[PDB]
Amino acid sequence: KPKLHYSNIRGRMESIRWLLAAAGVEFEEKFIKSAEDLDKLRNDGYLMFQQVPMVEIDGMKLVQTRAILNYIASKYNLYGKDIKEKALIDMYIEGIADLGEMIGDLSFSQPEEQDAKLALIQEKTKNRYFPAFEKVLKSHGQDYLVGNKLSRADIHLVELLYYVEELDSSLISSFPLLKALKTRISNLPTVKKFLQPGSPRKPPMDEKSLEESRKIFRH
């Protein structure tokens, strides 16, 4: 079992939880609970950069979200089949990560700044990100983003579709190919099990977890 080091939150670890489940890979989680547990990881020398997420896979203590995601995607052929298909997967997913940063930020902002920032997410979703991904899908009518075969870009885009619906159900309403991508992926046996109740998938940020985060990562 590769091992997942992080607090018990979506956070930066969540996109790795998604990818491994979609690859059929059982993993293990070791939840940081205090700044002390975290300090322990640093002092043991497990964290190259004194930060989490960290994943122990195949001999390595991997840090940096992208590095972990890259490795797992190549290991299970979810990173395309040539240098050109990587180009498209990387374009799409860096696009996906960008809308992600805004979404995480909002869940960590104060009540005061929350309206302005969601209005900015709503705006960029409908006008910038969703049309672009809808366009890709139409250009070829194929069931996946790249090479007509399951990749990470599909896993990551559908992860993001679930956050948008938590923020505003009608942002996907004029985008029918994303509507049906959302559907099909969700139904691939590995993503179905991951989506079902009691899986390792994490709920939205709420005040008590925000507290915990504040005190664990002493920021």
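One-based numbering along the sequence shown.
- Message: Quick check on the record: does 23-31 or 62-70 carry the larger mean Cα temperature factor?
- Response: The stretch with the larger mean CA B-factor is 23-31.
- Task: May I ask you to compare 148-156 and 181-189 by their mean CA B factor in the entry and name the higher one?
- Result: Higher of the two, by average CA B-factor, is 181-189.
- Message: Comparing recorded Cα B-factors across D143, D90, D105, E112, which one is largest?
- Response: In the PDB entry, the greatest C-alpha B-factor among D143, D90, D105, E112 is found at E112.
- Item | Among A132, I96, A119, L78 - the residue whose C-alpha B-factor is largest in the record | By C-alpha B-factor in the record, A119 ranks first.
- Ordered by C-alpha B-factor within the chain, which third holds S209? Give me lowest, middle or highest, please. CA B-factor rank for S209: highest third.
- Thinking about Cα B factors across the chain, which third does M54 belong to? As the PDB entry reports it, the C-alpha B-factor of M54 lands in the lowest third of its chain.
- Query: Which third of the chain does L171 land in by C-alpha B-factor: lowest, middle or highest?
  - Reply: Highest third - that is where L171 ends up once the chain's C-alpha B-factors are sorted.
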